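Structure data (CSV, C-alpha atoms and all ligand atoms) from query_18.csv:
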```csv
chain,number,residue,atom,x,y,z
A,1,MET,CA,-7.7,-7.7,14.7
A,2,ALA,CA,-9.3,-8.9,11.5
A,3,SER,CA,-7.0,-11.1,9.3
A,4,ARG,CA,-7.3,-9.1,6.0
A,5,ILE,CA,-7.1,-5.5,4.8
A,6,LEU,CA,-9.2,-4.1,2.0
A,7,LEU,CA,-7.1,-2.8,-1.0
A,8,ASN,CA,-8.0,0.0,-3.4
A,9,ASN,CA,-8.6,-2.6,-6.1
A,10,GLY,CA,-11.5,-4.0,-4.1
A,11,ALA,CA,-9.6,-7.3,-3.1
A,12,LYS,CA,-8.7,-8.3,0.5
A,13,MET,CA,-5.1,-8.9,1.5
A,14,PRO,CA,-3.9,-11.0,4.5
A,15,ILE,CA,-2.1,-8.8,7.0
A,16,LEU,CA,0.4,-11.5,7.8
A,17,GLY,CA,2.5,-13.2,5.1
A,18,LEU,CA,5.6,-15.4,4.8
A,19,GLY,CA,8.8,-13.8,3.5
A,20,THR,CA,11.1,-15.7,1.2
A,21,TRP,CA,14.3,-13.6,0.7
A,22,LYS,CA,17.3,-15.8,1.6
A,23,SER,CA,15.1,-18.9,2.1
A,24,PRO,CA,17.4,-21.6,0.7
A,25,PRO,CA,15.9,-23.3,-2.4
A,26,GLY,CA,16.3,-26.7,-0.6
A,27,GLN,CA,14.3,-25.5,2.5
A,28,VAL,CA,11.7,-23.1,1.1
A,29,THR,CA,9.4,-25.7,-0.4
A,30,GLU,CA,8.8,-27.2,3.1
A,31,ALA,CA,8.7,-23.7,4.7
A,32,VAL,CA,5.8,-22.7,2.4
A,33,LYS,CA,4.1,-26.1,2.9
A,34,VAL,CA,4.3,-25.7,6.7
A,35,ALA,CA,3.2,-22.1,6.5
A,36,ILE,CA,0.0,-22.9,4.5
A,37,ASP,CA,-0.7,-25.9,6.9
A,38,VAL,CA,-0.5,-23.6,10.0
A,39,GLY,CA,-2.6,-20.8,8.5
A,40,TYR,CA,-0.6,-18.5,6.3
A,41,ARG,CA,-2.5,-17.4,3.2
A,42,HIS,CA,0.0,-14.8,1.9
A,43,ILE,CA,3.5,-15.5,0.5
A,44,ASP,CA,5.9,-12.7,-0.5
A,45,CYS,CA,8.2,-13.7,-3.4
A,46,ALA,CA,10.5,-12.1,-5.9
A,47,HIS,CA,12.4,-13.2,-9.1
A,48,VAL,CA,15.6,-11.8,-7.7
A,49,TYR,CA,15.4,-14.2,-4.7
A,50,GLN,CA,16.1,-17.1,-7.2
A,51,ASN,CA,13.7,-19.5,-5.3
A,52,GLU,CA,10.3,-18.9,-7.0
A,53,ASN,CA,10.3,-22.4,-8.6
A,54,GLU,CA,10.7,-24.0,-5.2
A,55,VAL,CA,8.0,-21.7,-3.6
A,56,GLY,CA,5.8,-22.7,-6.5
A,57,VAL,CA,6.2,-26.4,-5.9
A,58,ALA,CA,4.8,-25.9,-2.3
A,59,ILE,CA,1.9,-23.7,-3.5
A,60,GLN,CA,1.0,-26.2,-6.2
A,61,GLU,CA,1.1,-29.2,-3.9
A,62,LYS,CA,-1.2,-27.5,-1.3
A,63,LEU,CA,-3.6,-26.6,-4.1
A,64,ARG,CA,-3.5,-30.2,-5.4
A,65,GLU,CA,-3.9,-31.5,-1.8
A,66,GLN,CA,-7.0,-29.2,-1.4
A,67,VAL,CA,-5.5,-27.7,1.8
A,68,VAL,CA,-6.4,-24.4,0.3
A,69,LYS,CA,-8.2,-23.0,-2.7
A,70,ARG,CA,-6.5,-20.6,-5.1
A,71,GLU,CA,-8.9,-17.8,-4.3
A,72,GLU,CA,-7.9,-18.1,-0.6
A,73,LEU,CA,-4.2,-17.5,-1.3
A,74,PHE,CA,-2.6,-14.1,-1.8
A,75,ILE,CA,0.7,-14.5,-3.8
A,76,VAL,CA,2.9,-11.4,-4.3
A,77,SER,CA,6.0,-11.1,-6.5
A,78,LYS,CA,8.1,-8.2,-7.8
A,79,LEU,CA,9.5,-7.0,-11.1
A,80,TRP,CA,13.3,-6.8,-10.8
A,81,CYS,CA,15.3,-3.6,-11.8
A,82,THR,CA,16.7,-5.1,-15.0
A,83,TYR,CA,13.2,-5.5,-16.5
A,84,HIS,CA,11.8,-1.9,-16.2
A,85,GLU,CA,11.8,-1.4,-20.1
A,86,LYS,CA,8.2,-1.7,-21.6
A,87,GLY,CA,9.0,-4.7,-23.8
A,88,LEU,CA,10.4,-6.8,-20.9
A,89,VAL,CA,7.7,-6.4,-18.2
A,90,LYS,CA,5.2,-8.9,-19.5
A,91,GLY,CA,7.9,-11.6,-20.0
A,92,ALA,CA,9.3,-11.0,-16.5
A,93,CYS,CA,5.8,-11.4,-15.0
A,94,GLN,CA,5.2,-14.5,-17.1
A,95,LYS,CA,8.5,-16.1,-16.0
A,96,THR,CA,7.5,-15.5,-12.3
A,97,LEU,CA,4.0,-17.0,-13.0
A,98,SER,CA,5.5,-20.0,-14.7
A,99,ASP,CA,7.9,-20.5,-11.8
A,100,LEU,CA,5.2,-20.1,-9.1
A,101,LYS,CA,2.8,-22.5,-10.9
A,102,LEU,CA,0.2,-19.7,-11.2
A,103,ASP,CA,-2.0,-18.2,-13.9
A,104,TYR,CA,-2.3,-14.9,-12.0
A,105,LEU,CA,-0.6,-13.0,-9.2
A,106,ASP,CA,-2.6,-11.3,-6.5
A,107,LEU,CA,-0.1,-8.4,-6.4
A,108,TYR,CA,2.9,-7.5,-8.5
A,109,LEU,CA,5.3,-4.8,-7.3
A,110,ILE,CA,8.0,-2.7,-8.9
A,111,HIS,CA,10.8,-4.0,-6.6
A,112,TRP,CA,12.8,-0.7,-6.6
A,113,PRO,CA,12.2,2.6,-8.3
A,114,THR,CA,15.6,2.3,-10.0
A,115,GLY,CA,15.8,0.7,-13.5
A,116,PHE,CA,19.0,-1.0,-14.5
A,117,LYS,CA,20.5,-2.0,-17.9
A,118,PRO,CA,18.8,-5.3,-19.1
A,119,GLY,CA,20.8,-8.4,-19.4
A,120,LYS,CA,21.7,-11.6,-17.5
A,121,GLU,CA,23.2,-9.9,-14.4
A,122,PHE,CA,20.8,-8.5,-11.8
A,123,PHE,CA,23.3,-5.8,-10.9
A,124,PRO,CA,25.1,-4.8,-14.1
A,125,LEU,CA,28.3,-3.1,-13.5
A,126,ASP,CA,30.6,-0.7,-15.3
A,127,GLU,CA,34.3,-1.2,-15.0
A,128,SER,CA,34.6,1.0,-12.0
A,129,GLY,CA,31.0,-0.1,-8.9
A,130,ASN,CA,28.8,1.5,-10.6
A,131,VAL,CA,25.3,0.1,-11.4
A,132,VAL,CA,24.5,0.8,-15.0
A,133,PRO,CA,21.1,2.5,-15.2
A,134,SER,CA,18.2,2.2,-17.6
A,135,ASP,CA,16.8,5.4,-19.1
A,136,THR,CA,13.1,4.1,-18.8
A,137,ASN,CA,11.4,6.2,-15.9
A,138,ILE,CA,9.0,5.2,-13.1
A,139,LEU,CA,6.0,6.4,-15.1
A,140,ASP,CA,6.6,4.3,-18.3
A,141,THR,CA,7.3,1.2,-16.1
A,142,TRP,CA,4.0,1.9,-14.3
A,143,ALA,CA,2.1,2.0,-17.6
A,144,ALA,CA,3.6,-1.4,-18.4
A,145,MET,CA,2.4,-2.7,-14.9
A,146,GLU,CA,-1.1,-1.4,-15.7
A,147,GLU,CA,-1.1,-3.4,-18.9
A,148,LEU,CA,-0.6,-6.6,-16.8
A,149,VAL,CA,-3.9,-5.9,-14.9
A,150,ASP,CA,-5.7,-5.4,-18.2
A,151,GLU,CA,-4.3,-8.7,-19.6
A,152,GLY,CA,-5.4,-10.7,-16.5
A,153,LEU,CA,-1.9,-11.7,-15.4
A,154,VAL,CA,-2.2,-9.8,-12.0
A,155,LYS,CA,-5.1,-8.7,-9.8
A,156,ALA,CA,-3.3,-5.7,-8.3
A,157,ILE,CA,-0.1,-3.7,-8.9
A,158,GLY,CA,2.0,-1.7,-6.5
A,159,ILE,CA,5.5,-0.4,-5.6
A,160,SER,CA,8.3,-1.1,-3.2
A,161,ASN,CA,11.0,1.1,-1.7
A,162,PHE,CA,9.4,4.3,-3.2
A,163,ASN,CA,9.9,7.5,-1.3
A,164,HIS,CA,6.9,9.9,-0.9
A,165,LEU,CA,8.0,12.1,-3.8
A,166,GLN,CA,8.1,8.9,-6.0
A,167,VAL,CA,4.7,7.7,-4.7
A,168,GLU,CA,3.4,11.2,-5.5
A,169,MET,CA,4.9,11.0,-9.0
A,170,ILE,CA,2.9,7.9,-9.7
A,171,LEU,CA,-0.3,9.4,-8.2
A,172,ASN,CA,0.2,12.5,-10.4
A,173,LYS,CA,1.0,10.5,-13.5
A,174,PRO,CA,-0.8,11.9,-16.6
A,175,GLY,CA,-3.4,9.4,-17.7
A,176,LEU,CA,-3.0,7.2,-14.5
A,177,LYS,CA,-5.2,4.2,-14.9
A,178,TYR,CA,-4.7,2.3,-11.7
A,179,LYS,CA,-3.3,3.7,-8.4
A,180,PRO,CA,-0.7,1.6,-6.6
A,181,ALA,CA,-2.5,-0.8,-4.2
A,182,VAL,CA,0.6,-1.2,-1.9
A,183,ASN,CA,3.9,0.3,-1.1
A,184,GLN,CA,6.2,-2.3,0.5
A,185,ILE,CA,8.9,-0.7,2.6
A,186,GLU,CA,11.3,-1.6,5.4
A,187,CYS,CA,9.7,-0.9,8.8
A,188,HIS,CA,10.4,-2.0,12.3
A,189,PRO,CA,11.2,-0.2,15.7
A,190,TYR,CA,14.5,1.1,14.4
A,191,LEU,CA,13.0,2.5,11.2
A,192,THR,CA,9.5,3.5,12.1
A,193,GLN,CA,8.6,5.3,8.9
A,194,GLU,CA,5.8,7.6,10.4
A,195,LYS,CA,6.0,10.2,7.6
A,196,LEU,CA,5.9,7.8,4.6
A,197,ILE,CA,3.2,5.5,6.2
A,198,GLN,CA,1.1,8.6,7.1
A,199,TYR,CA,1.3,9.7,3.4
A,200,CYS,CA,0.5,6.4,1.8
A,201,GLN,CA,-2.4,5.6,4.1
A,202,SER,CA,-3.9,9.0,3.5
A,203,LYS,CA,-3.9,8.1,-0.2
A,204,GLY,CA,-5.6,4.7,0.3
A,205,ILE,CA,-2.3,2.8,-0.4
A,206,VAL,CA,-1.7,-0.1,2.0
A,207,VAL,CA,1.8,-0.3,3.4
A,208,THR,CA,3.6,-3.7,3.8
A,209,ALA,CA,6.4,-3.8,6.4
A,210,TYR,CA,9.5,-5.8,5.4
A,211,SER,CA,12.4,-6.9,7.6
A,212,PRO,CA,10.1,-6.6,10.6
A,213,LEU,CA,12.6,-8.7,12.8
A,214,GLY,CA,15.5,-6.6,11.6
A,215,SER,CA,16.7,-9.3,9.2
A,216,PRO,CA,19.3,-11.0,11.4
A,217,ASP,CA,20.4,-13.2,8.4
A,218,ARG,CA,21.0,-10.3,6.0
A,219,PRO,CA,24.3,-10.9,4.2
A,220,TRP,CA,26.0,-7.6,5.2
A,221,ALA,CA,25.3,-7.8,8.9
A,222,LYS,CA,28.0,-6.4,11.2
A,223,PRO,CA,28.3,-7.4,14.9
A,224,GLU,CA,28.1,-3.8,16.0
A,225,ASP,CA,24.8,-3.3,14.3
A,226,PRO,CA,21.6,-2.9,16.4
A,227,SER,CA,19.7,-6.1,17.0
A,228,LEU,CA,15.8,-6.0,17.6
A,229,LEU,CA,15.5,-9.5,18.7
A,230,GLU,CA,18.1,-8.9,21.4
A,231,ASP,CA,17.0,-5.5,22.5
A,232,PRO,CA,16.3,-5.8,26.2
A,233,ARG,CA,13.5,-3.1,26.1
A,234,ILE,CA,11.6,-5.2,23.5
A,235,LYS,CA,12.3,-8.4,25.3
A,236,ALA,CA,10.7,-6.7,28.4
A,237,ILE,CA,7.5,-5.9,26.5
A,238,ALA,CA,7.3,-9.4,25.2
A,239,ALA,CA,7.8,-10.9,28.7
A,240,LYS,CA,5.0,-8.7,30.0
A,241,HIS,CA,2.7,-10.1,27.4
A,242,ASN,CA,4.0,-13.7,27.8
A,243,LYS,CA,4.9,-13.6,24.0
A,244,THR,CA,8.2,-14.0,22.2
A,245,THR,CA,10.2,-11.0,21.0
A,246,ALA,CA,9.4,-11.9,17.4
A,247,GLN,CA,5.7,-12.0,18.2
A,248,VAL,CA,5.8,-8.5,19.6
A,249,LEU,CA,7.8,-7.3,16.5
A,250,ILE,CA,5.1,-8.9,14.2
A,251,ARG,CA,2.1,-7.6,16.2
A,252,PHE,CA,3.6,-4.0,16.2
A,253,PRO,CA,3.0,-3.2,12.5
A,254,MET,CA,-0.3,-5.0,12.5
A,255,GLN,CA,-1.6,-2.5,15.0
A,256,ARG,CA,-0.5,0.3,12.7
A,257,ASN,CA,-2.8,-1.1,10.0
A,258,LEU,CA,0.2,-2.5,8.1
A,259,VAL,CA,0.7,-5.8,6.4
A,260,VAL,CA,3.8,-7.6,7.7
A,261,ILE,CA,5.9,-10.4,6.1
A,262,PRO,CA,8.3,-12.1,8.6
A,263,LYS,CA,10.7,-14.7,6.9
A,264,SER,CA,11.5,-18.1,8.4
A,265,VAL,CA,12.5,-21.5,7.1
A,266,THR,CA,12.3,-23.0,10.6
A,267,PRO,CA,9.0,-24.9,11.1
A,268,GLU,CA,8.6,-24.0,14.8
A,269,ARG,CA,9.2,-20.3,14.1
A,270,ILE,CA,6.8,-20.3,11.1
A,271,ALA,CA,4.1,-21.5,13.4
A,272,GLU,CA,5.3,-19.2,16.3
A,273,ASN,CA,5.2,-16.2,14.1
A,274,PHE,CA,1.6,-16.8,13.1
A,275,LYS,CA,0.3,-16.8,16.7
A,276,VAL,CA,-0.1,-13.1,16.9
A,277,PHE,CA,-3.9,-12.7,16.7
A,278,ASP,CA,-4.4,-13.6,20.3
A,279,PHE,CA,-3.0,-10.5,22.2
A,280,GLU,CA,-2.8,-6.7,22.0
A,281,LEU,CA,-0.1,-4.2,22.6
A,282,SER,CA,-1.3,-1.1,24.6
A,283,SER,CA,-1.0,2.3,23.0
A,284,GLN,CA,1.7,3.0,25.6
A,285,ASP,CA,3.6,-0.1,24.3
A,286,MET,CA,3.1,1.1,20.7
A,287,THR,CA,4.4,4.6,21.5
A,288,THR,CA,7.3,3.0,23.4
A,289,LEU,CA,8.3,0.8,20.4
A,290,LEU,CA,8.0,3.8,18.1
A,291,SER,CA,10.4,5.7,20.3
A,292,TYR,CA,13.2,3.3,19.4
A,293,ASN,CA,13.5,4.8,15.8
A,294,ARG,CA,17.1,5.1,14.7
A,295,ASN,CA,16.6,5.6,10.9
A,296,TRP,CA,18.5,2.3,10.6
A,297,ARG,CA,18.1,0.3,7.3
A,298,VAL,CA,18.7,-3.3,6.5
A,299,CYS,CA,18.3,-2.6,2.8
A,300,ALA,CA,20.0,0.6,1.6
A,301,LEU,CA,20.8,-0.5,-2.0
A,302,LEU,CA,24.3,0.8,-1.5
A,303,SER,CA,25.5,0.1,-5.1
A,304,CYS,CA,22.9,2.5,-6.5
A,305,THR,CA,23.3,5.7,-4.5
A,306,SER,CA,24.0,7.8,-7.6
A,307,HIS,CA,21.1,6.5,-9.6
A,308,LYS,CA,18.7,9.3,-10.5
A,309,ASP,CA,15.9,7.4,-8.8
A,310,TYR,CA,17.7,6.2,-5.7
A,311,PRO,CA,15.0,6.5,-3.0
A,312,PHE,CA,16.8,7.2,0.3
A,313,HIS,CA,18.4,10.6,-0.1
A,314,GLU,CA,15.0,12.1,0.5
A,315,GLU,CA,13.9,12.6,4.1
A,316,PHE,CA,11.0,10.2,3.4
A,401,LIG,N1,10.7,-5.2,-1.0
A,401,LIG,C1,12.0,-5.4,-0.7
A,401,LIG,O1,12.9,-4.8,-1.2
A,401,LIG,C2,12.3,-6.4,0.4
A,401,LIG,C3,13.5,-6.2,1.1
A,401,LIG,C4,13.8,-7.1,2.2
A,401,LIG,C5,12.8,-8.0,2.6
A,401,LIG,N2,11.7,-8.1,1.9
A,401,LIG,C6,10.7,-9.2,2.2
A,401,LIG,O2,10.4,-9.2,3.6
A,401,LIG,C7,10.7,-10.5,4.1
A,401,LIG,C8,11.2,-10.4,5.6
A,401,LIG,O3,12.4,-9.6,5.7
A,401,LIG,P1,13.8,-10.3,5.9
A,401,LIG,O4,13.9,-11.6,5.3
A,401,LIG,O5,14.8,-9.3,5.5
A,401,LIG,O6,13.9,-10.5,7.5
A,401,LIG,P2,13.0,-10.7,8.8
A,401,LIG,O7,11.8,-11.3,8.5
A,401,LIG,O8,13.1,-9.4,9.6
A,401,LIG,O9,14.0,-11.7,9.6
A,401,LIG,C9,14.3,-13.0,9.1
A,401,LIG,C10,15.3,-13.6,10.0
A,401,LIG,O10,14.7,-13.8,11.4
A,401,LIG,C11,14.8,-15.2,11.8
A,401,LIG,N3,13.6,-15.5,12.5
A,401,LIG,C12,12.3,-15.6,12.0
A,401,LIG,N4,11.4,-15.8,13.0
A,401,LIG,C13,12.1,-15.9,14.1
A,401,LIG,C14,11.7,-16.1,15.4
A,401,LIG,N5,10.4,-16.4,15.8
A,401,LIG,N6,12.7,-16.1,16.4
A,401,LIG,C15,14.0,-15.8,16.0
A,401,LIG,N7,14.4,-15.5,14.8
A,401,LIG,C16,13.5,-15.6,13.9
A,401,LIG,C17,14.9,-16.0,10.5
A,401,LIG,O11,15.6,-17.2,10.8
A,401,LIG,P3,15.2,-18.6,10.1
A,401,LIG,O12,14.7,-18.3,8.7
A,401,LIG,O13,16.5,-19.4,10.1
A,401,LIG,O14,14.1,-19.3,11.0
A,401,LIG,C18,15.8,-15.0,9.7
A,401,LIG,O15,17.2,-15.1,10.0
A,401,LIG,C19,11.8,-11.0,3.1
A,401,LIG,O16,12.0,-12.4,3.3
A,401,LIG,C20,11.1,-10.6,1.8
A,401,LIG,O17,10.0,-11.5,1.5
A,401,LIG,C21,11.4,-7.3,0.8
```

Write the structure described by the file as structure tokens, please.
Amino acid sequence: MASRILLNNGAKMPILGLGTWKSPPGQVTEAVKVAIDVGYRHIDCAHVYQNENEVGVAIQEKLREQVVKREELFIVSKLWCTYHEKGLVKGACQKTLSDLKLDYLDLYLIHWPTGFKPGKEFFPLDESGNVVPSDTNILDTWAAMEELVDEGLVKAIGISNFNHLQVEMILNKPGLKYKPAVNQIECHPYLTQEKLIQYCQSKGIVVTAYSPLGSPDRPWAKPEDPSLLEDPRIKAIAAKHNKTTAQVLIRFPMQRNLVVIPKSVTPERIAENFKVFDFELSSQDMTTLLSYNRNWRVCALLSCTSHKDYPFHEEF
């Protein structure tokens, strides 16, 4: 297992990164500092997480401390849905760059294919629960993303939560200048994503797996929901290999040629989670973990199920 995967922009991306959704602003600076100290070189961020300033304090201190050089870090952020119009993309990117203390991103993703009405609220509502859409489509927002590459603000651009028809729409765009480098999607043993992974990889698009541990701290968790970290079949595979359940859940996507971005703010788990380059799951283990698919999603964007570009009606 090599540490980096080659992207279609010619750059290499670390296959293990640190997630930051739900990392409290008063804890995420130390989380990122610890992560860089123990070997992480990839941080996954987003404006909608409301903690980029604090992530940036950590990055900037480790660069100032010469723990790491900027060229060795791979920092990812995401354009939120209320910024899909052409005239707002650059300012959104630049706000994220300012917050993160950076003069470029390694990768900037369209966070969801659904555009929302611009304004202060991240989920604008009409009077009844519905999300108020934007009329700007995925292809004009993609052109605005391409402009960021050509202005030097981002090294690579990509997409997140796009279904295969939507990836295809991008790939078929008239006048396409840059293909997406990455599609970041939910992926774990309960949502194994064979069809969409197969499609993206066949096109040279790298897939990043989010919520690899099943997001036990997701806000809408219900007790009845399945739980990867407590699944006795996964605990048995981990015991066989003398690893933790989380380590198995992180190694699983790595062996599918995916990038994976487990989140923690706990120093011991941050270090734990990185110690996954030292064992291998068998093919039998991999097929066994794949067999647990339940099409179960952490992130179903439930307020947006009537949006024209809602991604999860489609089989994949
Ligand atoms: N593109 C998108 O739309 C999107 C959507 C969702 C997620 N993401 C990205 O993917 C990242 C990861 O997904 P996620 O945050 O949903 O969840 P996750 O990484 O599946 O799980 C995070 C949860 O697992 C706990 N945890 C971490 N390591 C552990 C270990 N070794 N043992 C036991 N528990 C452990 C964390 O607790 P502590 O933090 O308290 O240690 C936290 O409660 C996000 O943070 C974000 O960067 C992107």

>> Just the number, please: distance in Å from CA of residue 300 in chain A to CA of residue 81 in chain A, one decimal.
In response: 14.8 Å

Just want the residues within 6 Å of ligand LIG 401 (chain A), written as a PDB file with C-alpha atoms, in the frame of the given file, counting all atoms listed in the file.
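result-v3.pdb, freshly written:
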```
ATOM      1  CA  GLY A  19       8.800 -13.800   3.500  1.00  0.00           C
ATOM      2  CA  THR A  20      11.100 -15.700   1.200  1.00  0.00           C
ATOM      3  CA  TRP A  21      14.300 -13.600   0.700  1.00  0.00           C
ATOM      4  CA  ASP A  44       5.900 -12.700  -0.500  1.00  0.00           C
ATOM      5  CA  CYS A  45       8.200 -13.700  -3.400  1.00  0.00           C
ATOM      6  CA  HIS A 111      10.800  -4.000  -6.600  1.00  0.00           C
ATOM      7  CA  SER A 160       8.300  -1.100  -3.200  1.00  0.00           C
ATOM      8  CA  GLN A 184       6.200  -2.300   0.500  1.00  0.00           C
ATOM      9  CA  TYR A 210       9.500  -5.800   5.400  1.00  0.00           C
ATOM     10  CA  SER A 211      12.400  -6.900   7.600  1.00  0.00           C
ATOM     11  CA  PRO A 212      10.100  -6.600  10.600  1.00  0.00           C
ATOM     12  CA  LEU A 213      12.600  -8.700  12.800  1.00  0.00           C
ATOM     13  CA  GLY A 214      15.500  -6.600  11.600  1.00  0.00           C
ATOM     14  CA  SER A 215      16.700  -9.300   9.200  1.00  0.00           C
ATOM     15  CA  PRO A 216      19.300 -11.000  11.400  1.00  0.00           C
ATOM     16  CA  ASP A 217      20.400 -13.200   8.400  1.00  0.00           C
ATOM     17  CA  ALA A 246       9.400 -11.900  17.400  1.00  0.00           C
ATOM     18  CA  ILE A 261       5.900 -10.400   6.100  1.00  0.00           C
ATOM     19  CA  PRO A 262       8.300 -12.100   8.600  1.00  0.00           C
ATOM     20  CA  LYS A 263      10.700 -14.700   6.900  1.00  0.00           C
ATOM     21  CA  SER A 264      11.500 -18.100   8.400  1.00  0.00           C
ATOM     22  CA  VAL A 265      12.500 -21.500   7.100  1.00  0.00           C
ATOM     23  CA  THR A 266      12.300 -23.000  10.600  1.00  0.00           C
ATOM     24  CA  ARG A 269       9.200 -20.300  14.100  1.00  0.00           C
ATOM     25  CA  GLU A 272       5.300 -19.200  16.300  1.00  0.00           C
ATOM     26  CA  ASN A 273       5.200 -16.200  14.100  1.00  0.00           C
TER      27      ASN A 273
END
```

Using all atoms listed in the file, which residues sit within 12 Å of residue 225 in chain A once same-chain residues fewer than 5 positions away are excluded, as a short mmCIF file (atom, residue, chain, number, x, y, z; two decimals) with C-alpha atoms, in the coordinates of the input?
```cif
data_model
loop_
_atom_site.label_atom_id
_atom_site.label_comp_id
_atom_site.auth_asym_id
_atom_site.auth_seq_id
_atom_site.Cartn_x
_atom_site.Cartn_y
_atom_site.Cartn_z
CA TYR A 190 14.50 1.10 14.40
CA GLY A 214 15.50 -6.60 11.60
CA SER A 215 16.70 -9.30 9.20
CA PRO A 216 19.30 -11.00 11.40
CA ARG A 218 21.00 -10.30 6.00
CA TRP A 220 26.00 -7.60 5.20
CA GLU A 230 18.10 -8.90 21.40
CA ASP A 231 17.00 -5.50 22.50
CA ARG A 294 17.10 5.10 14.70
CA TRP A 296 18.50 2.30 10.60
CA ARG A 297 18.10 0.30 7.30
CA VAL A 298 18.70 -3.30 6.50
#
```

>> Between CA of residue 287 in chain A and CA of residue 43 in chain A, what is the distance in Å, rounded to a tenth?
In response: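 Result for CA of residue 287 in chain A versus CA of residue 43 in chain A: 29.1 Å, one decimal.
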
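Distance check against residue 135 in chain A using all atoms listed in the file: of A:308, A:175, A:197, A:239, the minimum falls on A:308.
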
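Within 8 Å of the file-frame point (-8.4, 0.4, -7.0), and using only C-alpha atoms, the polymer residues found are residues 7, 8, 9, 10, 178, 179, 180 and 181 of chain A.
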
>> Given all atoms listed in the file as the basis, pick out the residue of A:229, A:144, A:281, A:92 nearest to residue 118 in chain A.
In response: A:92

> So, counting only C-alpha atoms, which residue among A:41, A:117, A:203, A:256 is closest to residue 187 in chain A?
Replying inline: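 Smallest distance to residue 187 in chain A is found for A:256.
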
> Hey, what's within 7 Å of residue 56 in chain A if we count only C-alpha atoms and toss same-chain stuff fewer than 6 positions away? As a list in words, please?
Replying inline: residues 99, 100 and 101 of chain A

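For the pair CA of residue 78 in chain A and CA of residue 46 in chain A, the interatomic distance is 5.0 Å.
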
> Using only C-alpha atoms, which of A:280, A:54, A:224, A:268 sits nearest residue 251 in chain A?
Replying inline: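 Looking only at the distances to residue 251 in chain A, the closest residue turns out to be A:280.
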